[PDB]
Amino acid sequence: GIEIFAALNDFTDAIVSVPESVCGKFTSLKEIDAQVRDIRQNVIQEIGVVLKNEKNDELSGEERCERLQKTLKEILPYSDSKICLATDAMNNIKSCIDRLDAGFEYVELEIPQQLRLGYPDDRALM
Amino acid sequence: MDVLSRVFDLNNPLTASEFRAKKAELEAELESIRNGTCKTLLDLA
Amino acid sequence: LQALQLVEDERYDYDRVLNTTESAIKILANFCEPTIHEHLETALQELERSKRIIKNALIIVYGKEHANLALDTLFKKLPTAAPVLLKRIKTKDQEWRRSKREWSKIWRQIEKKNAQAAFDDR
Amino acid sequence: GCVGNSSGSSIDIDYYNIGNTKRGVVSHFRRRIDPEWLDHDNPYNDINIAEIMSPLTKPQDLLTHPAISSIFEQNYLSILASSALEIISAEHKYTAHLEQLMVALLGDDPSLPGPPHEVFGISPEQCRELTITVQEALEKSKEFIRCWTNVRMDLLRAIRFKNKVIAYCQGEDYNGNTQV
Amino acid sequence: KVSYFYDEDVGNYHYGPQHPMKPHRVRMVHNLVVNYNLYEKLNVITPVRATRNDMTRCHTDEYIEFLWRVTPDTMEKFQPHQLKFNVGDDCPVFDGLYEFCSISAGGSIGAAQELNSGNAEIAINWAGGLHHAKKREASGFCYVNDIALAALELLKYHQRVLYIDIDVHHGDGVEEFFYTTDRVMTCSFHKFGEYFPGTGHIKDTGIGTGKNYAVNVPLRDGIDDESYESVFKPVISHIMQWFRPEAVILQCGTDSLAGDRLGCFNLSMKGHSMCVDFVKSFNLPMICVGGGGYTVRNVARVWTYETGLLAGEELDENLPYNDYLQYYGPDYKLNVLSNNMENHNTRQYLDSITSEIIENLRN
Amino acid sequence: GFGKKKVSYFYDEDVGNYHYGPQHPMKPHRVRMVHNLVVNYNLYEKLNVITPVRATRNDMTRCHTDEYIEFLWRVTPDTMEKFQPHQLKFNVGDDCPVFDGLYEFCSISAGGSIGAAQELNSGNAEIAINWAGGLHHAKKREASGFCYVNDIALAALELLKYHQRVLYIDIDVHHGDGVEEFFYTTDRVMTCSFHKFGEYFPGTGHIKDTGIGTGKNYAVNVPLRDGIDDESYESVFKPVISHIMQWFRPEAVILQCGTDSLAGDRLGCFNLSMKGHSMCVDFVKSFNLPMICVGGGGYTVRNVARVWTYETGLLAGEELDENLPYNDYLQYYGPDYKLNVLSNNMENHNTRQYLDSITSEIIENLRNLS
Amino acid sequence: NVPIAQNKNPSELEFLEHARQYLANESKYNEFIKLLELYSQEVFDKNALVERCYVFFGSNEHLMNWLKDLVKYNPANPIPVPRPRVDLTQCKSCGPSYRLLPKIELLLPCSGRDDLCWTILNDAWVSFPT
Amino acid sequence: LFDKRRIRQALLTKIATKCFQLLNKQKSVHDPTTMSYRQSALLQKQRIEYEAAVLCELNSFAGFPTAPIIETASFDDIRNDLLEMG
Ligand SMILES: [K+]
Ligand SMILES: [K+]
Ligand SMILES: [K+]
Ligand SMILES: [K+]
Ligand SMILES: [Zn+2]
Ligand SMILES: [Zn+2]
C-alpha cells in the first residue's frame, strides 16, 4: 500500500552521525601534527643534503649521518600516536558509513521514478 | 614490466599460538625481502 | 536568558558522560585480545594508572553501589571480565549518542527564538 | 558567604513516569491558566514539538521541513575532507624523501651502482644502524597515510550520497547546483 | 614567543551535579586555539604539577593536608572537620580535587618561572587565577590561591609587582595576602553593595607599610564599555607613573560580560579586550591568568580572542569548525555583544571616585 | 649518491607508426622525428628514457563512459559498417576518423601520461615529458577534434592523491575544452588557457566562462586575436601567471605545449617563434614545482620537431648547438638546416589597450581568490 | 521490456519471484533490480544487461536462458548499440557556452571511478559552442 | 634497474600492510558486538512516532520536557553482568 519512508528517515540520522567521530580525531591529530613540523623540516633538509652530496658540501659524512640518525630517533614517538589515532578514526567512520550505505541502497528504491529520471518527455534524445 | 599487476595478485578468529605463528611468519618474510632473499623477489628479478 | 543557560547546561551534561564512556571503552577494548593471558602483569599496570576513568564509567553505567564490586571483580578476573563490561558500555554509548542527536534537533530552535528575544534587560 | 543562588525556582524539574521510563519536565511554564500570565511570557512558546519531531512522508519535504533542512545546510563533510587532504599532503612530502633515501641505502638506485657506504663515507657498521631506523620511520609513515586515505575516501562517499539525495528530492526544481 | 601553559587533564574534572563552575571551559578554549592555528605561534608548555611543599608557602599545612587526604567516598570520617575549612556547600569535595589544585597552582608557578628567566615576556595560564581562596579555608569556588604563589615567585628577581583585577567580584584573598607590604600593589574593579564577598570599600587602602598601596574601585550596576574605559585608563596610567611596576599579573575574569550567570555588568568583547590592550601597551613582563566566567560560550570566545590578540595575530570573525561548535549558535561568530541594560553610574560619581583615588595615589 | 635529478622521458617505439587518414593534419609520425634528434644530439645521456605501460580499459573509464571505451576497444576500420549508430553517438567518422590501431594508440598516450603522474607521485623525478600525450579536446562522452581519450584528466586525477592543488596551463592556439569541462565545478584544479577567440574552433572559451558551483573563479580564459607576436604574448602571459602562482598557490603543474601557435602553421593563426614559444616553458619552469609537459597540437611537422627538441633540451638543463646533426629526416629541415623557427610579417591585431583591458579584468577575477 | 514499476506480465512476475531463493541475499538482489530498471528506461540494451547478469547468474544456467528469452536476446549480433544523443539546444544554460544535462544522463555507468572521481569530476554541465 | 626498484618498493608496502591488518583484525574480531535493514528502520520509526505523541501530551498537560534522562542499566542486566563477572 502507501509507503512510509523509513529508509529516507534513517538516512538523515546517519548523515549526521558521520562527522562527529572523525571530528574529535581530526582535532587530536592537528595538535600532534603541529608539534612536529619543525622536526620534519629538519629531516627534509638533512635528507636533501645527504642525497645530493654536491650542493651543500660542509660536513664529515660520518657525522652528517649521526645528526640525521638522532633527528630520526626524535620523531619516532609521534608516528605511533598518529597511527593509533588513524586506526581509531578508521574504525569509527567504517561502522558509520556501513550504516549510511545500507540505508542509501534502499532510499533509492522507494522514491517515484519521475523524481529521479524526470518525466518521460524532459529527456532531449535527438 | 607492469609491476603493479604482478605484485598485486578471515573473520574466523584465532587462538593465541596460531596468532603468534602467523605473526612470526609475516615478520620473517618482511626481513627476508629487506635483505634480498625473498622467493617472490628472486623470480621476478 | 535562563532558557539559553539551561540549554547549555544540558548539552554539557551530555558531553561529560559521553567523553567518560569513550575513554573507558578505549582502555577496556585495549584489554581484550587473544594474547592477553600472556603479558598480563603489564596490562594489570595500565589498569591501576587508569582506575578513575573506569570507576566513573562504572558509576555511570551501573550505579554507586555496584561500582566498587565491578572494580574489584575486574581487578581479579580481568581477561574474562573485560569483554562483558565492554559490551555493556558500548550499548549504553550507542543509545545515548542516538538520544543526543534527536534532542539537539530541539536545542537549536530554543536557541534561535530566545537568542533573538533575550537582548532586552529593560 | 554564599557566592550566589544559581538555581532559580523557574528551571525546577518534575519527573513523570510514562510506560517504563521517567521523563523530567520544566513545570513553571505550564498553562497554569490565570490572569497574570501572558503567552509571550513563556520562553518555550511557539516551539512546536509535534512538527519538529515529525517524519517526512513526502520526499520534497526534505527542503522545507525545519529541522531536516537545517541539517542539509551544514557543510561539515566538505570541511573535513579538505582538512584530510591538507593533512595527507605534508606527510607525503616527508615520505617521498624518506623513500628516496631508502632506495639509496638498500642499493636499488640506478644512479648509484657502487656500495652505498662508500658513496658517503661511513663505516659499514654505521650504515646498518641508519638503514634500520630509516626502515622503521618509512614503514610507520606509510601506514598512517594508508589509514587516513580510507578515512578521507569514506567521507567522500558520504558527500556523494548526500548530493545525490538532495538532487533526487528536487523533482523539476533541479538546477544543477545542490547547495540546498 | 608567548608561553602558553595547558595540561590536558584539567578539562576532565567536575565540581558537582549542577555547580556553576566548570573547568571544562578551559578545554573549550584550547579546542579553538588549535583550530585557529595559534598552536604554532605560541610556546605551548605542560605545567609541572605543584608539590605539597610548593603550596604551603601561602596556605597552612593543616589545610593543605586536609585537602590531600579528603575523598568524596571516605568523608564519613572527615565530615566533622569539613566546615572548619569552609569546604562542603559551594566549595564541594569531588573526585580528584588535589590533582586539580596542583594543576592550576603549577601552571601559575611555571609562568612566573618563565618570566623570571627571560624565556618570555608574556605568559598565559587560563586555568589558574583563583583569587578568593584564603590562607586557611576555601572561599567561593576556589581552594588554593595560586596567584599569591605566582607573585611570591616573581618577587625573587623583580622588585615591585602589580596585580590588576577585572573580575566583577572583589579579589579578597590576594588583597588580604599582601595587605601590609609595599612591594605588591593590588588594584580591583568590582561591583560593590549587596554582593559577594561584600568587602572592597574605597577607604580600604592597606595598613602598616602598605598604606596607600591598594586600590579598590567600587562600581555599580550596568556599567558599560565607555564608562569602564574612562575610569580604567586614568588610574592605570597614574599607577604606572607613580608605582613603577616591573611585573604585571592581569586577572581576566569574564563574569563581567553581558549576560553572565552571576554578573551585573554590561561589557562586551571589545570592552573587555581594551583592558588587555592597554595593559600590554606598557611593554612589561606580564602574566595573564583566568578567573571567573560562568556562561561558558562567552568565556570560550572571549578568552580565545584575548589569546590571539596577546600573541599579536588577528583571528577571523567566523568560527572554525571544531568539536564544541554547536555551543555557539545560532550565529557562530567570535563576537560577544551587550544588551540595553540600564547603566547606574552617573558621570559625577565616576569622577568623584576617580579624583579620590588619584589624590590617594600621590603619596 | 643519487646526484642531480634527471628528466624522465616517456617514449614507445611503436608510436610513430599510426596513421590517421589520407591527408589528415595530425601525424603521430612527428614524435618519431623528435626522438631521432634527441638521439643525435646525444641528449639521451641527460634524460631517463622510460617505456610506458600501456593503459587498460579499467584505467580509461575513470573519466570516460563504458559505452565509449567499449566502442573504441571493439571497432576496426573494416567492421564499422555495423557501428553506424555508434558513429553518430560518439562523434567519430569525419574529423576523428576510425583507423588501424586506434585503441593501441590511445593506450600508449594515456599510459605515458599516467606514468608521468606516478613518477611525480613517487619522488623519482621533478619533471616528466610525454610528447604523445596532451589530447585536450576529448570529452567524457564523445570524441572531439582529433582526440579520443583525454589523458590530462587521468594524469590530474593521479596527481590529486597527494597534492591539494593542481594548475593546468594551456598554450595550444585552441581552447582546451575537454580539460575545462572535466574540472569546471571544482576548486582543486585551476585551468588557464590562452587562445584565439572568434570564428574559431571549438567556439567556446569566452572571457566570462569562469566556472560554476565551487569552481567559481577557478577557470581562466585569455581570448586573443590574430598575428600576436612574442612580446605582446609575453606581456599578456607573465602577469596572469605571476598572479596565479601568487594567489592560487599550486603544488603541481601540467603544461600543455602545443605548437600550432607558431608562425607558419597549417591551422593556427599566431605569429610566435621558437624563442617566443620557449619563453613560456622557461618561465613556468622557473617556479620550482613538480611539472609535467605534454604534447598537443602542431601540424607542420618540421617546425614541431625542432621546437619540441629545443624545449626538451631546455628542460633538461642543456644548451643545444644551432646546427642540426645528421639524422634520418635531415631533408625536412631545409634550407637553413638550423635549430630555429622564424616569425613572419603578418599583421598583429591585438592593440595595446585590448591587452591591458583583459589583463585588468582577469586580475580582478583572480583577486577574488584566497 | 519490463516497463511497469512493479506489476505486470505473470511470466516476469514468476521470474522475479524465482530470481530470489538463489540470490536470496537482498543486498545483492537490489542491485539486479536497479540494473533491470536501467535497462527498461533505455540506458542499456538487451546486449549490455546480459553481461552484468552473467556476473549474477553465471552458474544457475536455468535462470540465465530464461532471462535471455525474456528480453528477446539474439546471439547472432551481440554489439550493444548505445543510447541516442541529446540535443542541447533545448536545455537550460549557465553562461555563453554551458548547458545543463537531463537528469537521466547522469545514470550512465563509469566502472572505474572510485569516490574521488565522483566528487571531483564534473558530470552535469556540458559545453556547447555558442 | 627501474623495474627492479619498483618491484622492491611495492612488495615492501604490501607485506607491511598485511602485517598491520592482521594485528587489527585480531583485535577487532575479539571485540564483542535485527533480521534486516527494513526491521531496524521500521522499529526506529515506530519508536520515534510513539515518543512524539508522549511528549506532545506531556507538553500540553504538565510542562516542557527537558533532555532525555541518562540512567543506569536495568536491574536484570546489572544482575546478569555481576553474575558472568563473578
Ligand atoms: K599591598
Ligand atoms: K575586581
Ligand atoms: K589554449
Ligand atoms: K576549476
Ligand atoms: Zn568573579
Ligand atoms: Zn590546437
# chains A, B, ... in the order shown; residues from 1 in each chain; ligands from 1
>>> residues_near_ligand(ligand="ligand 1", cutoff="12 Å", atoms="only C-alpha atoms and all ligand atoms", output="PyMOL selection string")
chain E and resi 148+151+160-164+172-188+204-216+243
>>> write_last_selection(atoms="C-alpha atoms", output="PDB file, in the first residue's frame")
ATOM      1  CA  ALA E 148      49.745  34.584  45.648  1.00  0.00           C
ATOM      2  CA  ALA E 151      53.633  36.635  42.904  1.00  0.00           C
ATOM      3  CA  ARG E 160      57.679  45.575  42.680  1.00  0.00           C
ATOM      4  CA  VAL E 161      54.688  43.666  41.302  1.00  0.00           C
ATOM      5  CA  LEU E 162      51.288  44.958  40.220  1.00  0.00           C
ATOM      6  CA  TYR E 163      48.169  42.789  40.355  1.00  0.00           C
ATOM      7  CA  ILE E 164      45.276  44.103  38.255  1.00  0.00           C
ATOM      8  CA  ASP E 172      39.819  39.455  48.600  1.00  0.00           C
ATOM      9  CA  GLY E 173      42.225  36.563  49.054  1.00  0.00           C
ATOM     10  CA  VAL E 174      45.023  38.279  47.184  1.00  0.00           C
ATOM     11  CA  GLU E 175      44.382  41.657  48.777  1.00  0.00           C
ATOM     12  CA  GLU E 176      44.442  40.129  52.243  1.00  0.00           C
ATOM     13  CA  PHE E 177      47.631  38.209  51.460  1.00  0.00           C
ATOM     14  CA  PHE E 178      49.721  41.287  50.618  1.00  0.00           C
ATOM     15  CA  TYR E 179      47.833  43.877  52.629  1.00  0.00           C
ATOM     16  CA  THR E 180      50.744  45.013  54.778  1.00  0.00           C
ATOM     17  CA  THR E 181      53.527  45.286  52.227  1.00  0.00           C
ATOM     18  CA  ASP E 182      54.587  47.868  49.671  1.00  0.00           C
ATOM     19  CA  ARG E 183      56.277  45.504  47.229  1.00  0.00           C
ATOM     20  CA  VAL E 184      52.989  44.334  45.713  1.00  0.00           C
ATOM     21  CA  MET E 185      50.118  46.620  44.783  1.00  0.00           C
ATOM     22  CA  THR E 186      46.613  45.291  44.235  1.00  0.00           C
ATOM     23  CA  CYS E 187      44.023  47.030  42.088  1.00  0.00           C
ATOM     24  CA  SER E 188      40.438  45.807  41.764  1.00  0.00           C
ATOM     25  CA  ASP E 204      40.423  50.199  52.467  1.00  0.00           C
ATOM     26  CA  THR E 205      43.963  51.003  51.319  1.00  0.00           C
ATOM     27  CA  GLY E 206      46.324  48.893  53.374  1.00  0.00           C
ATOM     28  CA  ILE E 207      47.958  49.115  56.775  1.00  0.00           C
ATOM     29  CA  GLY E 208      51.443  49.301  58.207  1.00  0.00           C
ATOM     30  CA  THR E 209      53.885  49.950  55.411  1.00  0.00           C
ATOM     31  CA  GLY E 210      51.244  49.005  52.898  1.00  0.00           C
ATOM     32  CA  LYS E 211      49.356  52.255  53.386  1.00  0.00           C
ATOM     33  CA  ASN E 212      48.036  53.662  50.068  1.00  0.00           C
ATOM     34  CA  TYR E 213      49.276  50.583  48.183  1.00  0.00           C
ATOM     35  CA  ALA E 214      45.872  49.011  47.497  1.00  0.00           C
ATOM     36  CA  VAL E 215      43.185  50.311  45.165  1.00  0.00           C
ATOM     37  CA  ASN E 216      39.503  49.434  45.281  1.00  0.00           C
ATOM     38  CA  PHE E 243      54.274  52.937  41.417  1.00  0.00           C
TER      39      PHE E 243
END
>>> residues_near_ligand(ligand="ligand 5", cutoff="7 Å", atoms="only C-alpha atoms and all ligand atoms", output="ChimeraX atom specification")
/E:167-169,253,255,291-293
>>> write_last_selection(atoms="C-alpha atoms", output="mmCIF file, in the first residue's frame")
data_model
loop_
_atom_site.group_PDB
_atom_site.id
_atom_site.type_symbol
_atom_site.label_atom_id
_atom_site.label_comp_id
_atom_site.auth_asym_id
_atom_site.auth_seq_id
_atom_site.Cartn_x
_atom_site.Cartn_y
_atom_site.Cartn_z
ATOM 1 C CA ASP E 167 36.690 40.139 37.822
ATOM 2 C CA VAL E 168 33.357 41.659 38.844
ATOM 3 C CA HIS E 169 33.861 40.211 42.302
ATOM 4 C CA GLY E 253 37.704 37.140 34.884
ATOM 5 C CA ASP E 255 31.771 37.187 34.540
ATOM 6 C CA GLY E 291 39.304 33.718 36.852
ATOM 7 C CA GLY E 292 35.530 33.763 36.957
ATOM 8 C CA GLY E 293 33.280 33.183 33.987
#
>>> select_by_dssp(residues="stretch 260-336 of chain F", states="strand (DSSP E)", output="list in words")
residues 291, 292, 293 and 294 of chain F
>>> residues_near_ligand(ligand="ligand 6", cutoff="10 Å", atoms="only C-alpha atoms and all ligand atoms", output="ChimeraX atom specification")
/F:135-137,145-146,170-176,195,201-202,257-261,267-268,296-299
>>> write_last_selection(atoms="N, CA and C atoms", output="PDB file, in the first residue's frame")
ATOM      1  N   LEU F 135      46.127  15.251 -25.410  1.00  0.00           N
ATOM      2  CA  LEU F 135      44.985  15.343 -26.312  1.00  0.00           C
ATOM      3  C   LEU F 135      43.854  15.995 -25.530  1.00  0.00           C
ATOM      4  N   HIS F 136      43.770  17.316 -25.604  1.00  0.00           N
ATOM      5  CA  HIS F 136      42.969  18.094 -24.671  1.00  0.00           C
ATOM      6  C   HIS F 136      41.561  18.382 -25.154  1.00  0.00           C
ATOM      7  N   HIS F 137      41.127  17.812 -26.269  1.00  0.00           N
ATOM      8  CA  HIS F 137      39.825  18.115 -26.842  1.00  0.00           C
ATOM      9  C   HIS F 137      38.816  16.995 -26.679  1.00  0.00           C
ATOM     10  N   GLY F 145      37.600  16.688 -32.075  1.00  0.00           N
ATOM     11  CA  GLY F 145      38.744  17.431 -32.558  1.00  0.00           C
ATOM     12  C   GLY F 145      40.073  16.733 -32.428  1.00  0.00           C
ATOM     13  N   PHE F 146      40.250  15.636 -33.161  1.00  0.00           N
ATOM     14  CA  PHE F 146      41.480  14.864 -33.303  1.00  0.00           C
ATOM     15  C   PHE F 146      41.867  14.078 -32.061  1.00  0.00           C
ATOM     16  N   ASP F 170      47.606  26.001 -20.645  1.00  0.00           N
ATOM     17  CA  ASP F 170      47.336  25.541 -21.997  1.00  0.00           C
ATOM     18  C   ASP F 170      47.666  26.642 -22.991  1.00  0.00           C
ATOM     19  N   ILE F 171      48.609  26.364 -23.893  1.00  0.00           N
ATOM     20  CA  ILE F 171      49.060  27.359 -24.853  1.00  0.00           C
ATOM     21  C   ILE F 171      48.937  26.878 -26.291  1.00  0.00           C
ATOM     22  N   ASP F 172      48.242  25.771 -26.515  1.00  0.00           N
ATOM     23  CA  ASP F 172      47.762  25.475 -27.857  1.00  0.00           C
ATOM     24  C   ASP F 172      46.882  26.625 -28.319  1.00  0.00           C
ATOM     25  N   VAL F 173      46.863  26.874 -29.628  1.00  0.00           N
ATOM     26  CA  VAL F 173      46.116  28.017 -30.135  1.00  0.00           C
ATOM     27  C   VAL F 173      44.624  27.879 -29.927  1.00  0.00           C
ATOM     28  N   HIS F 174      44.133  26.688 -29.618  1.00  0.00           N
ATOM     29  CA  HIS F 174      42.712  26.448 -29.456  1.00  0.00           C
ATOM     30  C   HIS F 174      42.352  26.444 -27.987  1.00  0.00           C
ATOM     31  N   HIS F 175      41.068  26.286 -27.720  1.00  0.00           N
ATOM     32  CA  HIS F 175      40.585  26.217 -26.358  1.00  0.00           C
ATOM     33  C   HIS F 175      40.623  24.777 -25.887  1.00  0.00           C
ATOM     34  N   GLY F 176      41.227  24.549 -24.734  1.00  0.00           N
ATOM     35  CA  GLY F 176      41.275  23.213 -24.190  1.00  0.00           C
ATOM     36  C   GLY F 176      39.982  22.873 -23.504  1.00  0.00           C
ATOM     37  N   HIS F 195      43.968  31.544 -26.025  1.00  0.00           N
ATOM     38  CA  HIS F 195      43.513  31.025 -27.310  1.00  0.00           C
ATOM     39  C   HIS F 195      42.963  32.117 -28.201  1.00  0.00           C
ATOM     40  N   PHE F 201      37.471  27.355 -33.943  1.00  0.00           N
ATOM     41  CA  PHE F 201      37.226  26.114 -33.229  1.00  0.00           C
ATOM     42  C   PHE F 201      37.796  26.210 -31.817  1.00  0.00           C
ATOM     43  N   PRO F 202      37.125  25.640 -30.813  1.00  0.00           N
ATOM     44  CA  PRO F 202      35.848  24.940 -30.857  1.00  0.00           C
ATOM     45  C   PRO F 202      34.656  25.864 -30.792  1.00  0.00           C
ATOM     46  N   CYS F 257      52.044  21.939 -24.278  1.00  0.00           N
ATOM     47  CA  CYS F 257      52.995  22.689 -25.082  1.00  0.00           C
ATOM     48  C   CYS F 257      52.656  22.621 -26.557  1.00  0.00           C
ATOM     49  N   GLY F 258      51.401  22.844 -26.917  1.00  0.00           N
ATOM     50  CA  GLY F 258      51.027  22.799 -28.315  1.00  0.00           C
ATOM     51  C   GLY F 258      51.837  23.766 -29.152  1.00  0.00           C
ATOM     52  N   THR F 259      51.959  23.455 -30.434  1.00  0.00           N
ATOM     53  CA  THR F 259      52.821  24.226 -31.310  1.00  0.00           C
ATOM     54  C   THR F 259      52.154  24.477 -32.647  1.00  0.00           C
ATOM     55  N   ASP F 260      50.841  24.651 -32.655  1.00  0.00           N
ATOM     56  CA  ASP F 260      50.188  25.274 -33.789  1.00  0.00           C
ATOM     57  C   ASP F 260      50.001  26.753 -33.553  1.00  0.00           C
ATOM     58  N   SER F 261      50.451  27.244 -32.407  1.00  0.00           N
ATOM     59  CA  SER F 261      50.565  28.658 -32.136  1.00  0.00           C
ATOM     60  C   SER F 261      51.855  29.241 -32.653  1.00  0.00           C
ATOM     61  N   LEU F 267      47.135  25.232 -39.433  1.00  0.00           N
ATOM     62  CA  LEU F 267      45.814  25.601 -38.950  1.00  0.00           C
ATOM     63  C   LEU F 267      45.820  26.853 -38.090  1.00  0.00           C
ATOM     64  N   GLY F 268      46.735  26.957 -37.141  1.00  0.00           N
ATOM     65  CA  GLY F 268      46.778  28.104 -36.257  1.00  0.00           C
ATOM     66  C   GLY F 268      47.008  29.404 -37.001  1.00  0.00           C
ATOM     67  N   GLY F 296      50.497  18.048 -27.757  1.00  0.00           N
ATOM     68  CA  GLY F 296      49.365  18.892 -28.050  1.00  0.00           C
ATOM     69  C   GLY F 296      49.064  18.955 -29.521  1.00  0.00           C
ATOM     70  N   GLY F 297      49.014  20.150 -30.075  1.00  0.00           N
ATOM     71  CA  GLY F 297      48.802  20.333 -31.490  1.00  0.00           C
ATOM     72  C   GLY F 297      50.107  20.396 -32.238  1.00  0.00           C
ATOM     73  N   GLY F 298      50.039  20.910 -33.452  1.00  0.00           N
ATOM     74  CA  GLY F 298      51.222  21.018 -34.272  1.00  0.00           C
ATOM     75  C   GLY F 298      51.085  20.254 -35.560  1.00  0.00           C
ATOM     76  N   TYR F 299      50.920  20.973 -36.658  1.00  0.00           N
ATOM     77  CA  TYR F 299      50.571  20.355 -37.920  1.00  0.00           C
ATOM     78  C   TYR F 299      51.507  20.716 -39.056  1.00  0.00           C
TER      79      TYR F 299
END
>>> select_by_dssp(residues="stretch 105-334 of chain E", states="helix (DSSP H, G or I)", output="PyMOL selection string")
chain E and resi 105-116+146-154+172-177+208-210+225-242+269-280+296-311+325-328
>>> write_last_selection(atoms="C-alpha atoms", output="compact mmCIF listing (two decimals), in the first residue's frame")
# COMPACT_ATOMS: atom_id res chain seq x y z
CA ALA E 105 48.93 26.22 41.00
CA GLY E 106 51.64 24.52 38.96
CA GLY E 107 50.65 26.39 35.84
CA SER E 108 50.91 29.69 37.69
CA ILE E 109 54.25 28.98 39.32
CA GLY E 110 55.55 27.78 35.97
CA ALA E 111 54.55 31.02 34.28
CA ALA E 112 56.31 33.00 36.96
CA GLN E 113 59.44 30.90 36.44
CA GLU E 114 59.29 31.50 32.69
CA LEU E 115 59.21 35.24 33.22
CA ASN E 116 61.99 35.17 35.82
CA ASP E 146 47.61 30.28 43.02
CA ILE E 147 48.05 33.98 42.32
CA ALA E 148 49.75 34.58 45.65
CA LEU E 149 52.19 31.82 44.76
CA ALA E 150 52.87 33.28 41.32
CA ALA E 151 53.63 36.63 42.90
CA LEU E 152 55.78 35.11 45.63
CA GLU E 153 57.77 33.51 42.83
CA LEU E 154 58.08 36.70 40.78
CA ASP E 172 39.82 39.46 48.60
CA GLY E 173 42.23 36.56 49.05
CA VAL E 174 45.02 38.28 47.18
CA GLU E 175 44.38 41.66 48.78
CA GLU E 176 44.44 40.13 52.24
CA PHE E 177 47.63 38.21 51.46
CA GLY E 208 51.44 49.30 58.21
CA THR E 209 53.89 49.95 55.41
CA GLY E 210 51.24 49.01 52.90
CA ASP E 225 32.49 49.89 27.82
CA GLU E 226 32.90 53.67 27.70
CA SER E 227 32.45 54.36 31.40
CA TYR E 228 34.70 51.43 32.23
CA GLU E 229 37.36 52.80 29.89
CA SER E 230 37.02 56.29 31.33
CA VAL E 231 37.70 55.01 34.83
CA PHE E 232 40.22 52.33 33.83
CA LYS E 233 42.75 54.31 31.82
CA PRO E 234 43.36 57.22 34.27
CA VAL E 235 44.01 55.07 37.33
CA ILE E 236 46.16 52.53 35.50
CA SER E 237 48.18 55.33 33.94
CA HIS E 238 48.81 57.02 37.27
CA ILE E 239 49.75 53.71 38.88
CA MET E 240 52.33 53.05 36.18
CA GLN E 241 53.57 56.62 36.59
CA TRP E 242 53.89 56.58 40.37
CA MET E 269 34.35 41.51 23.99
CA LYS E 270 35.72 44.84 22.78
CA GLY E 271 35.18 46.48 26.15
CA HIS E 272 36.92 43.60 27.87
CA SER E 273 39.85 43.30 25.47
CA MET E 274 40.52 47.03 25.73
CA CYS E 275 41.97 46.36 29.17
CA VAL E 276 44.37 43.72 27.88
CA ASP E 277 45.42 46.02 25.04
CA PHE E 278 46.03 48.95 27.36
CA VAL E 279 47.99 46.96 29.94
CA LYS E 280 50.06 45.26 27.24
CA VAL E 296 30.90 29.13 29.08
CA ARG E 297 30.20 30.06 25.46
CA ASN E 298 31.07 33.67 26.28
CA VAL E 299 34.13 32.63 28.26
CA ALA E 300 35.47 30.46 25.45
CA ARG E 301 35.06 33.10 22.77
CA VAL E 302 36.45 35.98 24.80
CA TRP E 303 39.48 34.10 26.08
CA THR E 304 40.29 32.85 22.58
CA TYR E 305 40.15 36.41 21.28
CA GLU E 306 42.38 37.70 24.06
CA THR E 307 44.95 35.00 23.38
CA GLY E 308 45.01 35.67 19.65
CA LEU E 309 45.46 39.35 20.47
CA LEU E 310 48.13 38.82 23.13
CA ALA E 311 50.21 36.84 20.65
CA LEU E 325 30.85 24.32 17.68
CA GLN E 326 27.15 23.96 18.44
CA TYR E 327 27.64 25.66 21.80
CA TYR E 328 27.92 28.91 19.87
>>> residues_around(residues="stretch 62-72 of chain G", least_positions_apart="6", cutoff="12 Å", atoms="only C-alpha atoms", output="PyMOL selection string")
chain G and resi 1-3+9-23+36+39-40+45-56
>>> interface_residues(of="chain F", to="chain H", cutoff="10 Å", atoms="only C-alpha atoms", output="list in words")
residues 48, 50 and 122 of chain F
>>> write_last_selection(atoms="C-alpha atoms", output="PDB file, in the first residue's frame")
ATOM      1  CA  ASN F  48      65.943   8.893 -18.271  1.00  0.00           C
ATOM      2  CA  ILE F  50      61.287   5.042 -19.992  1.00  0.00           C
ATOM      3  CA  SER F 122      56.809   8.642  -6.207  1.00  0.00           C
TER       4      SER F 122
END
>>> interface_residues(of="chain D", to="chain H", cutoff="9 Å", atoms="only C-alpha atoms", output="PyMOL selection string")
chain D and resi 13-14+16+18+21-31+44+48-50+53-55+99+103+107-110+139+142-143+146
>>> interface_residues(of="chain E", to="chain D", cutoff="12 Å", atoms="only C-alpha atoms", output="count of residues only")
40
>>> residues_around(residues="stretch 80-86 of chain C", least_positions_apart="4", cutoff="9 Å", atoms="only C-alpha atoms", output="MDAnalysis selection string")
(chainID C and resid 24:25 28:29 31:32 58 70 73:74 76 90:91) or (chainID H and resid 30:32 81 84:86)
>>> write_last_selection(atoms="C-alpha atoms", output="compact mmCIF listing (two decimals), in the first residue's frame")
# COMPACT_ATOMS: atom_id res chain seq x y z
CA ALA C 24 36.79 3.77 29.25
CA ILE C 25 35.78 1.99 26.05
CA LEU C 28 38.89 -1.83 28.00
CA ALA C 29 38.90 -2.65 24.29
CA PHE C 31 42.43 -5.18 27.28
CA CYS C 32 40.50 -7.60 25.02
CA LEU C 58 31.01 2.10 36.19
CA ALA C 70 32.84 -4.34 39.45
CA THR C 73 35.92 -8.21 40.34
CA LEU C 74 37.75 -6.86 37.31
CA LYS C 76 40.85 -10.14 39.82
CA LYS C 90 29.23 0.19 24.10
CA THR C 91 25.48 -0.44 24.11
CA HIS H 30 37.87 -10.42 19.57
CA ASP H 31 35.57 -7.44 20.18
CA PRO H 32 32.04 -8.45 21.26
CA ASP H 81 26.64 -8.89 34.45
CA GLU H 84 29.05 -13.56 34.45
CA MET H 85 31.83 -11.49 36.01
CA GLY H 86 31.56 -13.17 39.43
>>> residues_near_ligand(ligand="ligand 4", cutoff="9 Å", atoms="only C-alpha atoms and all ligand atoms", output="ChimeraX atom specification")
/F:180-191,210-212,214-220
>>> atom_distance(atom1="atom CA of residue A:71", atom2="atom CA of residue A:42")
7.8 Å
>>> closest_residue(among="H:14, H:19, H:40, H:78", to="chain C", atoms="only C-alpha atoms")
H:78
>>> interface_residues(of="chain H", to="chain A", cutoff="12 Å", atoms="only C-alpha atoms", output="PyMOL selection string")
chain H and resi 20-21+23-25+27-28+33+36-49
>>> residues_around(residues="residue B:38", least_positions_apart="2", cutoff="12 Å", atoms="only C-alpha atoms", output="PyMOL selection string")
(chain B and resi 28-36+40-45) or (chain H and resi 7-8+11-12+15)
